$ cat model_29.pdb   # PDB, C-alpha atoms
MODEL        1
ATOM      1  CA  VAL A   1      10.251   9.644  -1.797  1.00  0.00           C
ATOM      2  CA  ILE A   2       9.596   6.179  -3.081  1.00  0.00           C
ATOM      3  CA  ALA A   3       7.535   3.089  -3.835  1.00  0.00           C
ATOM      4  CA  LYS A   4       5.116   0.894  -1.912  1.00  0.00           C
TER       5      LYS A   4
ATOM      6  CA  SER B   1      11.627   5.373   5.931  1.00  0.00           C
ATOM      7  CA  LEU B   2      10.500   6.048   2.365  1.00  0.00           C
ATOM      8  CA  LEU B   3      11.295   9.673   3.017  1.00  0.00           C
ATOM      9  CA  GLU B   4      14.971   8.760   3.329  1.00  0.00           C
ATOM     10  CA  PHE B   5      15.336   5.953   0.748  1.00  0.00           C
ATOM     11  CA  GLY B   6      13.919   8.359  -1.852  1.00  0.00           C
ATOM     12  CA  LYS B   7      16.173  11.239  -1.197  1.00  0.00           C
ATOM     13  CA  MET B   8      19.001   8.699  -1.092  1.00  0.00           C
ATOM     14  CA  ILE B   9      17.871   7.498  -4.546  1.00  0.00           C
ATOM     15  CA  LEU B  10      17.714  11.080  -5.864  1.00  0.00           C
ATOM     16  CA  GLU B  11      21.149  11.935  -4.484  1.00  0.00           C
ATOM     17  CA  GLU B  12      22.581   8.781  -6.012  1.00  0.00           C
ATOM     18  CA  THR B  13      21.028   8.364  -9.469  1.00  0.00           C
ATOM     19  CA  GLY B  14      19.900  11.922 -10.175  1.00  0.00           C
ATOM     20  CA  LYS B  16      16.288  10.425 -10.844  1.00  0.00           C
ATOM     21  CA  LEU B  17      13.181  10.917  -8.760  1.00  0.00           C
ATOM     22  CA  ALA B  18      12.232   7.712  -6.831  1.00  0.00           C
ATOM     23  CA  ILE B  19       8.485   8.231  -7.521  1.00  0.00           C
ATOM     24  CA  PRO B  20       8.041   7.925 -11.347  1.00  0.00           C
ATOM     25  CA  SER B  21      11.389   6.417 -12.048  1.00  0.00           C
ATOM     26  CA  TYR B  22      11.557   3.666  -9.383  1.00  0.00           C
ATOM     27  CA  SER B  23       7.982   3.469  -8.022  1.00  0.00           C
ATOM     28  CA  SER B  24       6.631   1.259 -10.767  1.00  0.00           C
ATOM     29  CA  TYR B  25       9.532  -0.325 -12.669  1.00  0.00           C
ATOM     30  CA  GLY B  26       9.662  -3.919 -13.834  1.00  0.00           C
ATOM     31  CA  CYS B  27       8.118  -6.540 -11.609  1.00  0.00           C
ATOM     32  CA  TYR B  28       9.767  -5.742  -8.196  1.00  0.00           C
ATOM     33  CA  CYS B  29      10.301  -2.026  -8.001  1.00  0.00           C
ATOM     34  CA  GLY B  30       7.342  -0.591  -6.067  1.00  0.00           C
ATOM     35  CA  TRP B  31       4.854  -3.486  -5.715  1.00  0.00           C
ATOM     36  CA  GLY B  32       6.920  -6.803  -5.646  1.00  0.00           C
ATOM     37  CA  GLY B  33       5.100 -10.058  -5.296  1.00  0.00           C
ATOM     38  CA  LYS B  34       6.001 -12.042  -8.211  1.00  0.00           C
ATOM     39  CA  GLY B  35       7.722 -12.907 -11.393  1.00  0.00           C
ATOM     40  CA  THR B  36      11.261 -12.875 -12.700  1.00  0.00           C
ATOM     41  CA  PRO B  37      12.989  -9.488 -12.411  1.00  0.00           C
ATOM     42  CA  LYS B  38      13.287  -8.120 -15.920  1.00  0.00           C
ATOM     43  CA  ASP B  39      16.763  -6.567 -15.575  1.00  0.00           C
ATOM     44  CA  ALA B  40      19.595  -5.189 -13.262  1.00  0.00           C
ATOM     45  CA  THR B  41      17.422  -2.346 -11.885  1.00  0.00           C
ATOM     46  CA  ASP B  42      14.593  -4.746 -11.327  1.00  0.00           C
ATOM     47  CA  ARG B  43      16.982  -7.175  -9.563  1.00  0.00           C
ATOM     48  CA  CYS B  44      18.127  -4.398  -7.304  1.00  0.00           C
ATOM     49  CA  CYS B  45      14.531  -4.030  -6.207  1.00  0.00           C
ATOM     50  CA  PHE B  46      14.197  -7.759  -5.767  1.00  0.00           C
ATOM     51  CA  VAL B  47      17.275  -7.898  -3.466  1.00  0.00           C
ATOM     52  CA  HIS B  48      15.864  -4.824  -1.831  1.00  0.00           C
ATOM     53  CA  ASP B  49      12.429  -6.384  -1.169  1.00  0.00           C
ATOM     54  CA  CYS B  50      14.297  -9.454   0.149  1.00  0.00           C
ATOM     55  CA  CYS B  51      16.351  -7.282   2.447  1.00  0.00           C
ATOM     56  CA  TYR B  52      13.201  -5.798   3.981  1.00  0.00           C
ATOM     57  CA  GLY B  53      11.968  -9.339   4.138  1.00  0.00           C
ATOM     58  CA  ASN B  54      14.582 -10.452   6.685  1.00  0.00           C
ATOM     59  CA  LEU B  55      13.141  -7.869   9.086  1.00  0.00           C
ATOM     60  CA  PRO B  56       9.582  -9.043   9.866  1.00  0.00           C
ATOM     61  CA  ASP B  59       9.513  -7.072  13.162  1.00  0.00           C
ATOM     62  CA  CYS B  61      10.730  -3.745  11.697  1.00  0.00           C
ATOM     63  CA  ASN B  67       8.910  -1.053   9.696  1.00  0.00           C
ATOM     64  CA  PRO B  68      10.933   0.029   6.612  1.00  0.00           C
ATOM     65  CA  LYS B  69       8.497   2.639   5.018  1.00  0.00           C
ATOM     66  CA  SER B  70       7.852   4.606   8.240  1.00  0.00           C
ATOM     67  CA  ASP B  71      10.760   4.170  10.649  1.00  0.00           C
ATOM     68  CA  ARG B  72      13.248   6.969  10.048  1.00  0.00           C
ATOM     69  CA  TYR B  73      17.032   6.501  10.283  1.00  0.00           C
ATOM     70  CA  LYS B  74      19.841   9.033   9.816  1.00  0.00           C
ATOM     71  CA  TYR B  75      22.745   8.843   7.391  1.00  0.00           C
ATOM     72  CA  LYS B  76      25.667  10.951   6.249  1.00  0.00           C
ATOM     73  CA  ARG B  77      28.054  11.167   3.358  1.00  0.00           C
ATOM     74  CA  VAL B  78      31.754  11.097   4.242  1.00  0.00           C
ATOM     75  CA  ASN B  79      32.622  12.002   0.616  1.00  0.00           C
ATOM     76  CA  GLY B  80      30.511  10.108  -1.901  1.00  0.00           C
ATOM     77  CA  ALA B  81      30.039   7.289   0.596  1.00  0.00           C
ATOM     78  CA  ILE B  82      26.859   6.442   2.428  1.00  0.00           C
ATOM     79  CA  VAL B  83      27.360   5.868   6.136  1.00  0.00           C
ATOM     80  CA  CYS B  84      24.446   4.769   8.352  1.00  0.00           C
ATOM     81  CA  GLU B  85      24.348   6.473  11.742  1.00  0.00           C
ATOM     82  CA  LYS B  86      23.665   4.474  14.916  1.00  0.00           C
ATOM     83  CA  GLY B  88      19.902   4.208  15.847  1.00  0.00           C
ATOM     84  CA  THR B  89      17.798   1.297  16.922  1.00  0.00           C
ATOM     85  CA  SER B  90      18.761  -2.055  15.517  1.00  0.00           C
ATOM     86  CA  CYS B  91      15.840  -1.883  13.031  1.00  0.00           C
ATOM     87  CA  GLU B  92      16.937   1.546  11.886  1.00  0.00           C
ATOM     88  CA  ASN B  93      20.552   0.473  11.217  1.00  0.00           C
ATOM     89  CA  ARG B  94      19.443  -2.519   9.313  1.00  0.00           C
ATOM     90  CA  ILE B  95      16.809  -0.645   7.387  1.00  0.00           C
ATOM     91  CA  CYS B  96      19.431   1.869   6.535  1.00  0.00           C
ATOM     92  CA  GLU B  97      21.805  -0.872   5.269  1.00  0.00           C
ATOM     93  CA  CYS B  98      19.192  -2.321   2.934  1.00  0.00           C
ATOM     94  CA  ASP B  99      18.527   1.085   1.441  1.00  0.00           C
ATOM     95  CA  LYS B 100      22.159   1.997   0.999  1.00  0.00           C
ATOM     96  CA  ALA B 101      22.553  -1.192  -1.033  1.00  0.00           C
ATOM     97  CA  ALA B 102      19.610  -0.519  -3.311  1.00  0.00           C
ATOM     98  CA  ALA B 103      20.915   2.997  -4.125  1.00  0.00           C
ATOM     99  CA  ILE B 104      24.387   1.816  -4.973  1.00  0.00           C
ATOM    100  CA  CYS B 105      22.738  -0.989  -6.931  1.00  0.00           C
ATOM    101  CA  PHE B 106      20.624   1.609  -8.810  1.00  0.00           C
ATOM    102  CA  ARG B 107      23.662   3.722  -9.615  1.00  0.00           C
ATOM    103  CA  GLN B 108      25.720   0.739 -10.829  1.00  0.00           C
ATOM    104  CA  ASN B 109      23.043  -0.123 -13.362  1.00  0.00           C
ATOM    105  CA  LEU B 110      21.901   3.361 -14.484  1.00  0.00           C
ATOM    106  CA  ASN B 111      23.406   2.735 -17.875  1.00  0.00           C
ATOM    107  CA  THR B 112      20.787   0.021 -18.631  1.00  0.00           C
ATOM    108  CA  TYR B 113      17.783   1.638 -16.994  1.00  0.00           C
ATOM    109  CA  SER B 114      15.034   1.245 -19.620  1.00  0.00           C
ATOM    110  CA  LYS B 115      11.843   3.299 -20.069  1.00  0.00           C
ATOM    111  CA  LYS B 116       9.995   0.287 -21.482  1.00  0.00           C
ATOM    112  CA  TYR B 117       9.848  -1.206 -17.989  1.00  0.00           C
ATOM    113  CA  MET B 118       8.047   1.825 -16.484  1.00  0.00           C
ATOM    114  CA  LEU B 119       4.435   1.133 -15.510  1.00  0.00           C
ATOM    115  CA  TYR B 120       5.087  -2.527 -16.331  1.00  0.00           C
ATOM    116  CA  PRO B 121       1.802  -4.465 -16.485  1.00  0.00           C
ATOM    117  CA  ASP B 122       1.184  -6.970 -13.680  1.00  0.00           C
ATOM    118  CA  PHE B 124       0.272 -10.114 -15.814  1.00  0.00           C
ATOM    119  CA  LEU B 125       3.706 -10.063 -17.446  1.00  0.00           C
ATOM    120  CA  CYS B 126       5.286 -10.935 -14.093  1.00  0.00           C
ATOM    121  CA  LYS B 127       5.002 -14.713 -13.837  1.00  0.00           C
ATOM    122  CA  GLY B 128       6.711 -17.155 -11.432  1.00  0.00           C
ATOM    123  CA  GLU B 129       8.006 -17.199  -7.825  1.00  0.00           C
ATOM    124  CA  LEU B 130      11.680 -16.613  -7.173  1.00  0.00           C
ATOM    125  CA  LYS B 131      13.071 -17.404  -3.723  1.00  0.00           C
ATOM    126  CA  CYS B 133      14.864 -14.754  -1.669  1.00  0.00           C
TER     127      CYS B 133
ENDMDL
END

$ encode --input "model_29.pdb" --output "structure tokens"
Amino acid sequence: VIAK
Amino acid sequence: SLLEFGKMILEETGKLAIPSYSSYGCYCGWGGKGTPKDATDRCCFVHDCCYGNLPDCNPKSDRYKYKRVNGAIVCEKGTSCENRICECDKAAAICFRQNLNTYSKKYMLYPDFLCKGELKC
């Protein structure tokens, strides 16, 4: 569930 | 894949990867430049650098599998890319947990122009  | 890293973050720090770690400092979420502004930001910098040593793999989309023996993160055998993507992520999570005590809200949604300078991996 994260970033970039 | 991001799916995994993010649940790994959540299990580790108790915070959700998207708001908390998707746009922090200069390197968490969009890394390209500047000096990391703190511990948490440095974790992301080492993390971006870790992905960096894998030009032929695909970190965000390739899924790997991992388990917890007790509190420990243990990467399960997959393709070589998968094992190595998993090792970079495990590091970042531990790194995030070890610096939770200095996580700062002032570095959320950090503006791009305040990130100046190259730093070598």

$ residues_around --input "model_29.pdb" --residues "segment 80-82 of chain B" --least-positions-apart "2" --cutoff "12 Å" --atoms "only C-alpha atoms" --output "ChimeraX atom specification"
/B:5,8-9,11-12,74-78,84-85,96-104

$ resolve_selection --input "model_29.pdb" --expression "the PyMOL selection byres ((chain B and resi 126) around 7)" --output "VMD selection string"
chain B and resid 27 34 to 36 122 124 to 125 127 to 128

$ resolve_selection --input "model_29.pdb" --expression "the ChimeraX specification (/A :<8) & /B" --output "number ranges by chain"
B: 2-7, 17-19, 22-24, 29-31, 69

$ closest_residue --input "model_29.pdb" --among "B:95, B:79, B:109, B:114" --to "residue 50 of chain B" --atoms "all atoms listed in the file"
B:95

$ closest_residue --input "model_29.pdb" --among "B:105, B:10, B:118, B:91" --to "residue 61 of chain B" --atoms "all atoms listed in the file"
B:91

$ atom_distance --input "model_29.pdb" --atom1 "atom CA of residue 25 of chain B" --atom2 "atom CA of residue 43 of chain B"
10.6 Å

$ atom_distance --input "model_29.pdb" --atom1 "atom CA of residue 28 of chain B" --atom2 "atom CA of residue 45 of chain B"
5.4 Å

$ residues_near_point --input "model_29.pdb" --point "(16.6, -4.2, 14.7)" --cutoff "8 Å" --atoms "all atoms listed in the file" --output "PyMOL selection string"
chain B and resi 55+59+61+89-94

$ atom_distance --input "model_29.pdb" --atom1 "atom CA of residue 68 of chain B" --atom2 "atom CA of residue 86 of chain B"
15.8 Å

$ axis_aligned_box --input "model_29.pdb" --around "segment 39-52 of chain B" --padding-each-side "3 Å" --output "AutoDock Vina command-line options"
--center_x 16.0 --center_y -5.9 --center_z -5.8 --size_x 13.2 --size_y 13.1 --size_z 25.6

$ closest_residue --input "model_29.pdb" --among "B:129, B:20, B:26, B:52" --to "residue 38 of chain B" --atoms "all atoms listed in the file"
B:26
